[PDB]
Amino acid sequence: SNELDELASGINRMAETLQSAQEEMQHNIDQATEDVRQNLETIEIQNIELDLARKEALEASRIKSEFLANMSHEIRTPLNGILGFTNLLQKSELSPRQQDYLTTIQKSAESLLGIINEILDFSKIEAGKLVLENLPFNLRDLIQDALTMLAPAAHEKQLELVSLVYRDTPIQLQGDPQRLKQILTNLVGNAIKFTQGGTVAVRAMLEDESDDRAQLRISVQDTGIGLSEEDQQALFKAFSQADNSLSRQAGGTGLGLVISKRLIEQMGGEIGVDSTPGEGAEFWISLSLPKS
């Protein structure tokens, strides 16, 4: 019976390895109930921290907007007193020299007013409460008026201001002509600061056109003809600093550039800075506007 005891002990050896493998497989089931518990614990712990950080960022944006509006109002009170009493003095008997000093106080106070209006504008954009007007306008007239406003500053630095609206450019549009002019004056004004000589050229071009709307590109370029190597380096450095401030949005190149980006984005457009070594650098805006 040498083979009969082998079958009786072989089945006991086979069943002993199955009880040892089931103890190893039960350890895997006991570890899967703990590993899944730890995962659904961290998904809900991290899910509540994401709701907290999301709520804190929305409150910091609401408070930033309120703070700026309150600061603008705090400055507006004494500024209105300066503007009011300057007008009263301007209507009185003064010498030509005394009137020159008042004209300077008036222009300084009017620029200060423009700054606190940008702070108020930015607080409204930050809150989403900025309403754009809906008025028909002439794009050629708009660019010419913005360039006439900046002609003293351009002639101060020995620069020429050139405007170019092409024949195929649709000029009878509809939107916010004062906010579009605010963007243009800021871009042209910045271009004047960035160059030592040459011409600042504004071009208005058509990109795409339909029966109801018109897609436009407006470029403010400092061509830099006759600029020395030092002035060429200074021009590209100034435009790259403005391109960095456009991405950063911290008011590095002035608050007007921050608002120019937020205004063009509200109109469903884009703003950027282009550059070519033997062509000079430029600002550009791309926007779609309906036709009159």
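When you see a residue number, it is the position in the sequence shown, counting from 1.
Higher mean CA temperature factor between 92-100 and 145-153: 145-153, per the PDB entry. Higher average CA B factor: 29-37, of the stretches 29-37 and 234-242. Remark: of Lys124, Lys181, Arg217, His73, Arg217 shows the highest value [criterion: C-alpha B-factor in the PDB entry]. For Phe85, the recorded CA B-factor ranks within the lowest third of the chain. Only modelled residues enter the ranking. The entry lists a Cα temperature factor for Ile105 that places it in the lowest third of the chain's modelled residues. Ranked against the other modelled residues of its chain, the C-alpha B-factor of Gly128 as given in the entry falls in the lowest third. In the PDB entry, a CA B factor belonging to the middle third of its chain's modelled residues is recorded for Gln266. Residue-level temperature factors show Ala69 in the lowest third of its chain, judged at the C-alpha atom.
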